[PDB]
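Observations on the model geometry
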Amino acid sequence: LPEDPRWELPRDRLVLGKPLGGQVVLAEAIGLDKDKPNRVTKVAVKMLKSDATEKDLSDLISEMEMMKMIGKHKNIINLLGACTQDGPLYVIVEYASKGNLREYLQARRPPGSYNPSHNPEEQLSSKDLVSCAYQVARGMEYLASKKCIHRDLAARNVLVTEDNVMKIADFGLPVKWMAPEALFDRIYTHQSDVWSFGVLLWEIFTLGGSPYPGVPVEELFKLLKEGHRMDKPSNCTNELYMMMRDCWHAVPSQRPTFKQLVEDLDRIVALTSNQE
Ligand SMILES: COc1cc(OC)c(Cl)c(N2Cc3cnc(NC(C)C)nc3N([C@H]3CCN(C(=O)/C=C/CN(C)C)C3)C2=O)c1Cl
């Protein structure tokens, strides 16, 4: 594990807090910025579980290294630094205090699809929902432009910051989110990520619903081949349901791109009432 001074942070610049769910902990980093040396930033740190094979370590390393190459964007979870010298590898990334997108949305369901949360939050407006989809699209547009195929895009892999910024997670290395050509043929592409994003949109406008409710895996296989598709969510526009349907085109070349989706979500956002 050789040092990389672009990213290295001395171990003692990091007070490790509580677990987040190898494993990830909340932490405070001191002087993450060279020009703000007496500031503490809240961050998430990944490290290996107490028992962990040689593959675990190399996958962590790959992920970190892959994160380096991909660079920065506000709508992905960004690399902030790493501790590689004085002991166990720690990888330091941005922290999302408001949870993954599925829990965030579920917590914002009206109080009487139930609200699982014992700490419920204010319901989201129509405009907020579309804006959430837009940001996720931008995150994926950025990753796509960097030739990164996510392979497991889902609301569970979008995280929300204190300032309600959506950030794609785990982009660096479940069947109900896979496109058929991925499901059936292990063919993963930007187009199959687009299909997954159709499902993520459905997750959004159901406020974190479960896709294909009551459909067992064995069935789903056939049903997709049969051209089955999820019904519109009760509280979703026709425009946004056609978008989902297009993301779910059987012919992958005929799915829109993330670029295209960003342009459409951009327009739909601006037309969506902020009264609703
Ligand atoms: C970019 O991909 C990553 C790489 C990486 O290490 C190199 C890390 Cl650590 C992450 N993140 C960072 C991260 C940031 N913020 C949070 N906030 C918590 C509260 C969601 N979590 C991060 N985690 C995991 C931590 C567990 N996660 C959950 O969504 C847990 C849900 C269960 N709830 C009941 C809390 C995501 C991650 O895995 C991500 Cl998303």
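Within each chain the first residue of the written sequence is number 1 and the count goes on from 1 in that order, possibly differing from the entry; residues lacking coordinates are omitted. As a rule here, side-chain values cover all heavy atoms of the structure and leave hydrogens and water aside. Residues with missing side-chain atoms are left out of burial classes, side-chain pairs and their counts.

Structure determination for this PDB entry is given in the record as X-ray crystallography, at a resolution of 2.30 Å.

A run of H or I in DSSP becomes a helix once it reaches four residues, and a run of E becomes a strand once it reaches two; helices and strands are each numbered from the N terminus. Each helix and strand counted, the protein chain has 8 helices and 7 strands in total. Note that the radius of gyration is over C-alpha atoms, with the globule rule given as 2.2 Å times the number of residues to the power 0.38. The C-alpha atoms of the protein chain give 20 Å as radius of gyration, which agrees with the globular expectation for 276 residues (19 Å, within 12%). Dimensions of the protein chain, computed from C-alpha atoms along their principal axes, come out at roughly 55 × 45 × 35 Å.

UniProt positions are given in the numbering used here, feature names are shortened, and annotations may be inferred rather than shown by experiment. Per the UniProt record, "active site" is annotated on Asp152. Positionally, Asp152 belongs in the loop between α3 (126-145) and β6 (158-160).

So, on to the site of the ligand. In these notes, residues near a molecule or strand are those with any non-hydrogen atom within 4 Å of it. Around the ligand there are 19 residues in total, and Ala96, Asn100, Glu103, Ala169 and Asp170 lie nearest to it. In the analysis that follows, any N or O atom pair within 3.5 Å is treated as a polar contact, provided that within protein one partner can donate a hydrogen and the other can accept it, and provided that, for residues neighboring in sequence, both atoms belong to side chains. The separation between an oxygen atom of the ligand and a polar side-chain atom of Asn100 is 3.0 Å. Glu103 is positioned with one of its side-chain polar atoms (N or O) 2.7 Å from a nitrogen atom of the ligand. Protein chains shield 76% of the accessible area of the ligand, which is 790 Å² for the free molecule. Secondary-structure elements contributing two or more residues to the shell around the ligand are β3 (40-47), α1 (54-70) and β5 (90-93). When the residues that make up the shell around the ligand are grouped by side-chain class, the tally is 12 nonpolar, 2 polar and 5 charged. Reported accessibility uses the Shrake-Rupley method at a 1.4 Å probe radius. Residues are deemed covered only where the shown protein chains occlude them. Note on residue classes: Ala, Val, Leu, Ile, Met, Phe, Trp, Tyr, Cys and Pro are nonpolar, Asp, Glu, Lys and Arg are charged, and everything else, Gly too, is polar.

Whether two strands pair depends on DSSP finding at least two bridges between them. Judged from the 8 bridges that link them, strand β2 (residues 23-30) and β3 form a sheet pairing that is antiparallel. Each bridged residue has a counterpart across the sheet, and for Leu26 the counterpart in β3 is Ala44. Pairing of β3 with β5, which is carried by 3 bridges, proceeds in the antiparallel orientation. Bridge pairing in β5 places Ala44 opposite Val93.

What follows deals with the side chain of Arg229. Looking at the element boundaries, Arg229 is found in the loop between α6 (217-225) and α7 (238-247). Although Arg229 is buried, it makes no salt bridge; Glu181 carries the closest opposite charge, 8.2 Å away. Here, residues are in contact when the closest pair of their heavy atoms is within 4.5 Å. Sequence-distant contacts of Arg229, that is, excluding residues within four places in its chain, are made with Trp195, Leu224, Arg245, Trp248, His249 and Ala250. Relative accessible area decides the class of each residue, using a 1.4 Å probe on protein chains only: under 20% of the type maximum gives buried, over 50% gives exposed, and in between gives partly exposed. Two residue types count as positive, namely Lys and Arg, and two as negative, namely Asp and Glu; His and chain ends fall outside the count. The rule for a salt bridge is simple: a side-chain nitrogen of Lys or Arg has to be within 4 Å of a carboxyl oxygen of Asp or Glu.

What counts as a domain boundary in this text is fixed by an automatic or database domain assignment. Annotation of the protein chain at the domain level lists domain 1 (1-95) and domain 2 (96-267). Using C-alpha coordinates to define each centre, domain 1 is positioned 27 Å away from domain 2. Taken together, the contact pairs 16 residues of domain 1 with 20 residues of domain 2. Buried area is a sum: the accessible area each of two parts loses on coming together, probed at 1.4 Å, counted once for each and added. Looking only at domain 1, the three residues that lose the most surface to domain 2 are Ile70, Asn75 and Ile77, adding up to 40% of its buried area. The tally of links between domain 1 and domain 2 comes to 1 salt bridge. Our count for the domain 1 to domain 2 interface comes out at 8 residue pairs in polar contact. Across the side of domain 1 that touches domain 2, the residue classes break down as 6 nonpolar, 5 polar and 5 charged.

Let us look at the packing of aromatic side chains. Pairing of aromatic side chains requires ring centres within 6.5 Å, counting the rings of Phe and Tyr and the six-membered ring of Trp. Pairs whose planes differ by under 30 degrees are stacked, by over 60 edge-to-face, and all others tilted. Applying the stated rule across the entire model yields 2 aromatic pairs. Seen from their ring centres, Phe184 and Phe221 are 6.2 Å apart, and the 70 degrees between their planes marks the pair as edge-to-face. Of this pair, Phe184 sits in helix α4 (residues 180-185) while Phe221 sits in helix α6, placing them 37 residues apart in sequence. Accessibility expressed as a relative area gives 42% for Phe184, which makes it partly exposed. Residue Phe221 is classed as partly exposed on the basis of its relative accessible area of 31%.

Moving on to unusual backbone geometry. In this structure, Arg151 is a non-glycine residue whose phi angle is positive, near 85 degrees. Looking at the secondary structure, you find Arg151 in the loop between α3 and β6. Relative accessible area serves as the criterion here: at 40%, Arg151 is assigned to the partly exposed category. At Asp170, a residue that is not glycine, the phi angle is positive and equals roughly 45 degrees.

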